[PDB]
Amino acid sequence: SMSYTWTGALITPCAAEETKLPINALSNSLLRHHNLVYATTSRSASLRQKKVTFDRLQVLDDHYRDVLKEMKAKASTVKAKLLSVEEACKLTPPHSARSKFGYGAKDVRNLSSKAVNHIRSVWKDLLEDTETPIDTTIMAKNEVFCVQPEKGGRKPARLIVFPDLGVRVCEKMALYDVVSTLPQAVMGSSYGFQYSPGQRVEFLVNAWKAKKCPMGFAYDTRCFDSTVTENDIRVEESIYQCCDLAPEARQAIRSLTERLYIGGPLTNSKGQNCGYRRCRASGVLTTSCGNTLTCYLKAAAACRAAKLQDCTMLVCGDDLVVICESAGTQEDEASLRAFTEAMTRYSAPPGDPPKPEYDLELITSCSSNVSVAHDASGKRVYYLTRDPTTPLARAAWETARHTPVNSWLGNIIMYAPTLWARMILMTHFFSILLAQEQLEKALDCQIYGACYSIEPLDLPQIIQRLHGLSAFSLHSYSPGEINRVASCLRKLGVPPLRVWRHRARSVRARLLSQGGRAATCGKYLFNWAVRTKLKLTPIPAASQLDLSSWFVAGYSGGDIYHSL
C-alpha cells in the first residue's frame, strides 16, 4: 500500500514562519556569516510529501518469523502498569500542542477538571470503540540549518503527524510504562537508548575491540517511518500484548493500534483533509519504541539471511549499527549486499548502500562518530562527536530569537567532551546567562528527543554523571576533529581560539566569585582557559541527581517531559 495518499489540500502553518537570522550583536559575536543560516517553512512541505510517498511491497521469511518468536518470548518477561491520569498529565511538556477541545498543556499539567474530564472520556472512547480512525494533524517542522551549495538545494521541511492532546495523554496512560521498560527486556544490550553518552561510547569501543577482526557498518533506511507497514505496526502490537498488562491497558493498546498507530486521516492547521497515512506516525508515543523494535527485528533477521558472523547490533529507533567478525574483504562486501537485499524485502531499503568499515572512528550513526583525546591525568579517552555546523547555526538562531524548547543546552549536555561544545557553546551561553542574571532559570531542552527542564547551574553535575570527570580536561584532540571544527569556524565566520579563551577566562572569574553552583561551573567547565589549572575532583552533589527516568526516547514528537 501507499505510505500516504494526498487530497491536494496544502500542509499549512499555524503561525508566521521566520526564515532568516535577525540583526543581533550577541548572535553576531558567535557567527558573522548570518546569511548562511536559514529555517525551513511549510512552503517546502510538498517537496517532503513527494520523498515520503511511495508503495511498500513487504515480503517476510523464516528468519523474520524466528526472530519475532524470540522477541515475543522475552516480552512475556515484562510487567507494565497503567499510569493514572495524574501521572500521564505530569509527563506532558509545558509547550505541548493545545487540544482542539478548549484546554492546553497548562490545563493538563495542573489537573484542571476540564482537561481531566476530557481525557477520561477519550479513555472510555478507546475502550468502547476499537475501529474508528482517530484524527491527526500534519504540520511542517521549522528547523534551522546552514546552506551547503555543494549538494545544491536547501533542505525541505520535515513533517510531523500527531493526534490531539487528549489522545496523547491516553497513549501515556496505556503505554508509557511499556515503552520505558519493554525494549531493554526484548533486545538487552542491543537497546541503544538506555545508555548515557559516556556508557554508549564505552560499549561501542569494548564491543569493537573484543572482536578478533572487526568489521562494522551503519545502515540508514531511506524514510524509515514511511517504510513501516500496517503489518509491522500489528507485529509491534503483538509484542506489547506479550507483556503482563491490566485488562484496560490491553483494550486501550488494541484500540490505539487499530485507530491511530496503523494509520488514519491527515488534517492541516486550517481543518482541511490533507489525505491518509498507512505508515508510522512521527508524533505518537510509540514512534521511538516501535521504530527500535521494528528496526531490530528486521536487522537481526537480515544478519541471519546474510550469514554475518557474530552480529552485535546497536539500535536507536531507525538508527542502526552492526559490528561483526570479518570473513575477509570480498566476503564482507558480499555479506553486506545480502544484508541490504534482506532489509529491502522486509521494507527497509537503504538511502545509501552500507559500506563495510574496518576503523571504528570512520563509522557515522545519529550524525555522530567516535573520536579520541587524553585527559588531565594523561589517560586515553574515547568520546562521541559530530560536525558542529547545525549545533552552532541553531545556537546563533536561539540567541537572536526566543525558542521555547532550545537545542544548545541539549547539545552541551550530549556533546560536553567535544572541542566545539567546550570552546564555543559553553563560553557563549554562560557569558549571556551571567550578564542577564539567568543562571538559575530552568530551560526546556531535548535529550534523545524527549523534553527536559534543566537549570544551567547543574551542568557540571550532569556532565560528570553522563560523561565522567575526564569531560572537563580533554586535550590532544585528533587532527580530523581539529580540522572539522576549524572548517566550521571558517565557514560560519566564528571567532578564533584566542577570542574564546579570553571570553572564557572572564566568564570563569565572574562565576567563581558568585560561589556555590556558579563557582562549580567556572571551576569545571572553564578549567581549560587558565594557565594555573585547579584540581578537578568528583563533585559531591553529582550523585544527588535523579537520572533513573532519563533517556526514554521521544523522537519525533518530543511529547515526554522530565524536570531535573
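Position 1 is the first residue in the sequence shown; the rest follow in order.
- For the segment pair 205-213 and 290-298, the entry gives 205-213 the higher mean B-factor, averaged over Cα atoms.
- Between 189-197 and 265-273, the higher mean Cα B-factor belongs to 265-273.
- Considering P417, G468, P163, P350 together, the PDB entry gives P350 the largest C-alpha B factor.
- For the set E258, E341, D319, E440, the maximum C-alpha B-factor listed in the entry falls on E440.
- When the modelled residues of the chain are ordered by C-alpha B-factor, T520 sits in the lowest third.
- The entry lists a Cα temperature factor for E171 that places it in the lowest third of the chain's modelled residues.
- When the modelled residues of the chain are ordered by their C-alpha B factor, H374 lands in the lowest third.
- In the PDB entry, a CA B factor belonging to the middle third of its chain's modelled residues is recorded for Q446.
- Split the chain's modelled residues into thirds by C-alpha temperature factor. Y382 is in the lowest one.
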